[PDB]
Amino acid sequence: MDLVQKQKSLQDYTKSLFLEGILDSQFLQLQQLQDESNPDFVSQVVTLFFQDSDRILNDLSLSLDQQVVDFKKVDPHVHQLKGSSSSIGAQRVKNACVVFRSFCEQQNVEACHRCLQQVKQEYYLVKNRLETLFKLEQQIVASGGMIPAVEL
């Protein structure tokens, strides 16, 4: 319940995500945009990311299960996930999607199944870490503490 240690732990946790490559510097852009004029901005953008990506992953899963795989139906989903991940700084999801697009180009169905599994693993990882980040922030704020603003 030490708020100073909670805040230091939150900084260290965030730093770990960058070191591990789960987030890249684009995530910091989002944190920089969150201020008194835009108070829950990061969580709002990330929640939209999860809503959209949940839907894309379910659509992609159906498309790869079909008897004849229509790759013109598949690629736009991989493209959208690549773009969304890039824009919130989910670097490992983005990189998995880059590889996926390569195997979509080559029409390689077995490789695509493997790529889908990898994207899901990376997506669930970054979802877990970001949900936890917001939980830690909310705890501190509800206890009368504060998250210092990213002034980078």
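Start at 1 and count along the sequence shown; that's the residue number.
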Report summary line: Taking the deposited Cα B-factors and averaging over 17 to 25 and over 139 to 147, the higher mean is found in 139 to 147
Query raised in the report: According to the deposited model, is the average Cα temperature factor higher in 54 to 62 or in 26 to 34?
Result: 54 to 62
**Report entry** C-alpha B-factor winner, where the candidates are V98, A90, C104, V46
**Finding:** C104
Report summary line: One of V119, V42, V126, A111 has the largest Cα B-factor in the entry, namely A111
